[PDB]
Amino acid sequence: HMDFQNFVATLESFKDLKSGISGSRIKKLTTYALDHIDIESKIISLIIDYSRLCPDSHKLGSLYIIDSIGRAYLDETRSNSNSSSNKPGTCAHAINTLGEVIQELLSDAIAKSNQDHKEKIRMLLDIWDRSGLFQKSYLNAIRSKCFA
């Protein structure tokens, strides 16, 4: 069975992708995250730090990782009617931690992306606004700066 060191290794391997994007590897990370919500705090701090630290052209893929895990966890909260935003080891708390950094992560990823990746980030902002993943007021602040 996939363990946390495997999760680390998989994320580390994104460096080796020209595009920084892999649907199958994102799916592996997301399945692991859904199976190990009991350690979401270190999963979440890692994917936040991956977005902070990855190369410029890989910023888009870092937001796809956050999108995949974030909306999988968001779906759990609605299946489970849970809003324990401050309880570690819960989907609601994981999404809350991501939301506290998401404006920083978006601003940096957009600023460091070329025009093509910027347009793909714009599409993510649409999906995050429609799905309810992050506070719309946070996404508004980003969208008004970069996409209006």
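Quick note: we count residues from 1 along the sequence shown, nothing fancier.
- Residue-level annotation: residue 81 lacks coordinates in a third or more of the other entries compared, counting only those that model residues on either side of it.
- Two stretches are in play, 79-87 and 56-64, and the higher mean C-alpha B-factor belongs to 79-87.
- For the pair 134-142 and 11-19, the mean B factor over Cα atoms is greater in 11-19.
- As recorded in the entry, 116 carries the highest CA temperature factor of 116, 40, 49, 104.
- For residue 28, the recorded CA B-factor ranks within the highest third of the chain. Only modelled residues enter the ranking.
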